[PDB]
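*Asks:* Just so it is clear, I am handing over protein.txt, which has compact mmCIF, C-alpha atoms.
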```txt
# COMPACT_ATOMS: atom_id res chain seq x y z
CA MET I 1 0.00 0.00 0.00
CA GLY I 2 1.28 3.47 -1.02
CA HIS I 3 -0.52 6.80 -0.28
CA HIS I 4 -1.41 7.81 -3.90
CA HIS I 5 -3.65 10.90 -3.55
CA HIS I 6 -4.33 13.23 -6.51
CA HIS I 7 -6.44 16.33 -5.69
CA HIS I 8 -7.68 16.49 -9.32
CA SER I 9 -10.28 14.90 -11.71
CA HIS I 10 -13.36 16.61 -10.07
CA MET I 11 -13.04 19.50 -12.65
CA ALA I 12 -11.22 17.42 -15.36
CA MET I 13 -13.92 17.57 -18.08
CA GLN I 14 -11.96 15.50 -20.64
CA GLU I 15 -13.43 13.14 -23.30
CA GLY I 16 -12.14 10.39 -25.62
CA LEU I 17 -13.60 7.22 -24.07
CA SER I 18 -17.22 6.38 -25.15
CA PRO I 19 -20.28 6.44 -22.65
CA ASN I 20 -20.11 2.58 -22.76
CA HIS I 21 -16.71 2.92 -20.99
CA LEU I 22 -18.35 5.09 -18.23
CA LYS I 23 -21.03 2.45 -17.48
CA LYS I 24 -18.58 -0.51 -17.82
CA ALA I 25 -15.72 1.14 -15.79
CA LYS I 26 -17.95 2.32 -12.90
CA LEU I 27 -19.64 -1.14 -12.70
CA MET I 28 -16.11 -2.69 -12.57
CA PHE I 29 -15.08 0.01 -10.00
CA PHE I 30 -17.89 -1.23 -7.65
CA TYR I 31 -15.96 -2.51 -4.56
CA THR I 32 -12.84 -4.14 -6.14
CA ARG I 33 -9.71 -3.20 -4.11
CA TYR I 34 -8.10 -0.34 -2.08
CA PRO I 35 -5.09 -0.50 -4.63
CA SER I 36 -7.51 0.87 -7.32
CA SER I 37 -4.47 1.80 -9.51
CA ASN I 38 -3.78 -1.97 -9.99
CA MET I 39 -7.47 -2.75 -10.84
CA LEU I 40 -7.59 0.31 -13.17
CA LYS I 41 -4.35 -0.09 -15.19
CA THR I 42 -4.68 -3.96 -15.31
CA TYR I 43 -8.41 -4.36 -16.19
CA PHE I 44 -8.32 -1.51 -18.79
CA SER I 45 -5.43 -3.14 -20.79
CA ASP I 46 -7.07 -1.88 -24.04
CA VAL I 47 -7.25 1.75 -22.77
CA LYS I 48 -3.96 3.47 -23.81
CA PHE I 49 -4.09 6.01 -20.89
CA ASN I 50 -3.49 9.37 -22.67
CA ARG I 51 -3.64 12.18 -19.98
CA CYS I 52 -7.04 13.31 -21.36
CA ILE I 53 -8.85 9.89 -21.28
CA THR I 54 -7.01 9.09 -17.98
CA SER I 55 -8.34 12.28 -16.27
CA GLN I 56 -11.78 11.35 -17.72
CA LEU I 57 -11.58 7.69 -16.44
CA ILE I 58 -10.31 8.84 -13.00
CA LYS I 59 -13.03 11.60 -13.02
CA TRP I 60 -15.61 8.74 -13.22
CA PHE I 61 -13.73 6.87 -10.47
CA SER I 62 -13.45 10.12 -8.39
CA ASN I 63 -17.14 10.97 -9.05
CA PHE I 64 -18.28 7.60 -7.62
CA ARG I 65 -15.46 7.73 -4.97
CA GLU I 66 -16.29 11.27 -3.69
CA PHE I 67 -20.13 10.86 -3.93
CA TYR I 68 -20.19 7.36 -2.25
CA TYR I 69 -17.64 8.54 0.37
CA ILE I 70 -19.68 11.70 1.21
CA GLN I 71 -22.88 9.53 1.07
CA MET I 72 -21.78 6.97 3.72
CA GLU I 73 -19.88 9.64 5.69
CA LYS I 74 -23.16 11.69 5.73
CA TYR I 75 -25.31 8.70 6.81
CA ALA I 76 -22.91 7.60 9.60
CA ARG I 77 -22.29 11.20 10.84
CA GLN I 78 -26.10 11.77 10.86
CA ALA I 79 -26.54 8.44 12.75
CA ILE I 80 -24.03 9.48 15.50
CA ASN I 81 -25.38 13.10 15.63
CA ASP I 82 -29.03 11.94 16.03
CA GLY I 83 -28.04 8.95 18.22
CA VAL I 84 -29.56 6.41 15.78
CA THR I 85 -29.03 3.01 17.48
CA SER I 86 -29.81 1.02 14.26
CA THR I 87 -27.86 1.46 10.95
CA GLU I 88 -30.66 -0.80 9.53
CA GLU I 89 -32.88 2.34 9.05
CA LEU I 90 -30.47 3.86 6.42
CA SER I 91 -27.84 2.15 4.13
CA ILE I 92 -27.98 -1.59 5.04
CA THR I 93 -29.89 -4.49 3.32
CA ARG I 94 -32.97 -2.24 3.22
CA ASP I 95 -35.28 -3.09 0.29
CA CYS I 96 -37.19 -0.15 -1.34
CA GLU I 97 -35.55 2.59 0.86
CA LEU I 98 -31.83 2.11 -0.06
CA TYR I 99 -32.80 1.20 -3.66
CA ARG I 100 -34.72 4.52 -3.99
CA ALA I 101 -31.81 6.39 -2.29
CA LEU I 102 -28.92 5.10 -4.49
CA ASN I 103 -31.19 5.31 -7.61
CA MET I 104 -32.30 8.98 -7.12
CA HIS I 105 -28.76 10.04 -6.06
CA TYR I 106 -26.63 8.13 -8.68
CA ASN I 107 -28.55 6.59 -11.66
CA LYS I 108 -31.79 4.80 -12.83
CA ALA I 109 -31.27 1.42 -10.98
CA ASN I 110 -28.73 0.23 -13.69
CA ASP I 111 -25.97 -0.19 -11.07
CA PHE I 112 -26.31 -4.01 -11.25
CA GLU I 113 -29.93 -3.27 -10.01
CA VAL I 114 -28.08 -3.80 -6.63
CA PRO I 115 -28.15 -7.63 -5.83
CA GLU I 116 -27.69 -8.76 -2.16
CA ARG I 117 -23.83 -8.51 -2.67
CA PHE I 118 -24.21 -4.67 -2.83
CA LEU I 119 -26.61 -4.64 0.15
CA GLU I 120 -23.94 -6.76 1.92
CA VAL I 121 -21.18 -4.24 1.04
CA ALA I 122 -23.60 -1.40 2.09
CA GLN I 123 -24.20 -3.34 5.34
CA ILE I 124 -20.49 -3.82 6.20
CA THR I 125 -19.28 -0.39 4.88
CA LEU I 126 -21.91 1.66 6.80
CA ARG I 127 -21.42 -0.63 9.84
CA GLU I 128 -17.67 0.30 9.72
CA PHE I 129 -18.40 4.02 8.95
CA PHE I 130 -20.79 4.10 11.97
CA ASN I 131 -18.13 2.18 14.01
CA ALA I 132 -15.53 4.76 12.87
CA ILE I 133 -17.29 8.05 13.81
CA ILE I 134 -18.82 6.56 17.05
CA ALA I 135 -15.42 5.19 18.30
CA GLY I 136 -13.56 8.34 17.05
CA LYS I 137 -11.62 6.41 14.38
CA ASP I 138 -12.94 8.80 11.66
CA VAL I 139 -10.39 11.51 12.65
CA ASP I 140 -7.62 8.85 12.28
CA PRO I 141 -6.20 8.62 8.61
CA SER I 142 -6.48 4.77 8.64
CA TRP I 143 -10.36 4.66 8.92
CA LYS I 144 -10.80 4.88 5.08
CA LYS I 145 -7.96 2.28 4.61
CA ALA I 146 -10.06 0.08 6.95
CA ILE I 147 -13.37 0.71 5.02
CA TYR I 148 -11.87 0.03 1.56
CA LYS I 149 -10.11 -3.04 3.04
CA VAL I 150 -13.31 -4.67 4.54
CA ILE I 151 -15.39 -4.13 1.33
CA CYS I 152 -12.44 -5.20 -0.91
CA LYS I 153 -11.92 -8.33 1.25
CA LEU I 154 -15.43 -9.51 0.17
CA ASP I 155 -14.75 -9.32 -3.65
CA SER I 156 -11.19 -8.10 -4.59
CA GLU I 157 -11.87 -9.21 -8.20
CA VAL I 158 -14.97 -8.60 -10.42
CA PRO I 159 -16.55 -12.13 -11.03
CA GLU I 160 -19.16 -10.68 -13.46
CA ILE I 161 -18.74 -10.12 -17.23
CA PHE I 162 -21.17 -7.44 -18.57
CA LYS I 163 -21.00 -8.41 -22.31
CA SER I 164 -23.04 -11.59 -21.56
CA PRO I 165 -23.29 -13.50 -18.13
CA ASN I 166 -22.30 -16.92 -19.67
CA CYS I 167 -19.49 -15.40 -21.92
CA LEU I 168 -16.67 -15.39 -19.33
CA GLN I 169 -16.13 -19.14 -20.12
CA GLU I 170 -15.29 -17.90 -23.68
CA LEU I 171 -12.45 -15.72 -22.22
CA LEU I 172 -10.79 -19.08 -21.29
CA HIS I 173 -9.65 -20.20 -24.81
CA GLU I 174 -6.45 -21.26 -26.68
```
Output the file's structure as structure tokens, nothing else.
*Replies:*
Amino acid sequence: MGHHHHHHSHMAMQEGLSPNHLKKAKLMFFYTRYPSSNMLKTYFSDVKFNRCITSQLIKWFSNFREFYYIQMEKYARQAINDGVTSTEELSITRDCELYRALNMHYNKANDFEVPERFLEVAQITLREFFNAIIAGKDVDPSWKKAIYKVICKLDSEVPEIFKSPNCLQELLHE
């Protein structure tokens, strides 16, 4: 692990990758691994990584990163502030409510249509965010390391091909 932090991308309105790449990349960005640079540069072998399309790709990654970060940070901070004793009222396995929330905030339910795996990540991530602010771990630099670790440790690798579900077998060929 190396502290790779670029305070950029948020205002990097670059284009060269198609809107298919935005959908595909973000879906692949969903809860892979804290070393996102590995996931990024390895899984986008085809992408050449010109500064323009790189700032674009990382803008997508920083859009989802910043929004999801601020989302869970908001929910946990609100939970501690109000004294909410149950995370299960906000961003846990919470059918209808959390579906409506992540839909209205991000996109029209096309984010896998959130299977139980994403409710499980939501469960564990918000549980650890809550745990962080309540125990006073949030003011410690390592809290985010810890979050990204626990949700990476579930699925470090994307097991889902978007082209066609039963097409990943076809990637294994000689």
*Asks:* Given only C-alpha atoms as the basis, pick out the residue of I:9, I:16, I:25, I:68 nearest to residue 55 of chain I.
*Replies:*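 The answer is I:9, which sits nearest to residue 55 of chain I.
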*Asks:* May I have the residues within 9 Å of residue 162 of chain I as a PDB file with C-alpha atoms, in the coordinates of the input, using only C-alpha atoms and disregarding those fewer than 5 positions away in the same chain?
*Replies:*
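Writing done, so here's part-v8.pdb:
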```pdb
ATOM      1  CA  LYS I  24     -18.580  -0.510 -17.820  1.00  0.00           C
ATOM      2  CA  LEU I  27     -19.640  -1.140 -12.700  1.00  0.00           C
ATOM      3  CA  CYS I 167     -19.490 -15.400 -21.920  1.00  0.00           C
TER       4      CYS I 167
END
```
*Asks:* Given the choices I:75, I:60, I:69, I:106, which gets closest to residue 22 of chain I if the distance is worked out from all atoms listed in the file?
*Replies:* I:60
*Asks:* I'd like to know which of I:42, I:36, I:131, I:93 is closest to residue 114 of chain I, using all atoms listed in the file.
*Replies:*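 Looking only at the distances to residue 114 of chain I, the closest residue turns out to be I:93.
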*Asks:* Return the single residue from I:101, I:109, I:124, I:12 that is closest to residue 148 of chain I, with distances computed using all atoms listed in the file.
*Replies:*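 Closest to residue 148 of chain I, using all atoms listed in the file: I:124.
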*Asks:* Take the point (-26.0, 10.5, 13.6) in the file's coordinates, draw a sphere of radius 12 Å around it, and report as a PyMOL selection string every protein, DNA or RNA residue with an atom inside or on it, counting all atoms listed in the file.
*Replies:* chain I and resi 72-87+89-90+126+129-134
*Asks:* Under the rule that all atoms listed in the file are counted, which of I:164, I:50, I:56, I:156 is the nearest residue to residue 10 of chain I?
*Replies:*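 Of I:164, I:50, I:56, I:156, the one nearest residue 10 of chain I is I:56, counting all atoms listed in the file.
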*Asks:* Env of residue 119 of chain I: 8 Å cut, atoms = only C-alpha atoms, seq-sep filter 4 positions within chain, self excluded. Answer as a ChimeraX atom specification.
*Replies:* /I:91-94,114-115,123
*Asks:* Please measure the separation of atom CA of residue 155 of chain I and atom CA of residue 116 of chain I, giving the value in Å to one decimal.
*Replies:*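 Distance between the two atoms: 13.0 Å.
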*Asks:* Atom CA of residue 61 of chain I and atom CA of residue 30 of chain I are how many Å apart?
*Replies:*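 These atoms are spaced 9.5 Å apart.
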*Asks:* Would you compute the distance between atom CA of residue 59 of chain I and atom CA of residue 18 of chain I? Give it in Å to one decimal.
*Replies:* 13.9 Å
*Asks:* Could you check the closest approach to residue 33 of chain I for each of I:111, I:58, I:1, I:66 and tell me which residue wins, using all atoms listed in the file?
*Replies:* I:1
*Asks:* Near residue 32 of chain I, counting all atoms listed in the file, which residues have an atom at most 12 Å away, once you skip same-chain residues fewer than 6 positions from it, shown as a list in words?
*Replies:*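 Here the answer would be residues 25, 26, 38, 39, 40, 43, 61, 118, 121, 148, 149, 150, 151, 152, 153, 154, 155, 156, 157, 158, 159 and 160 of chain I.
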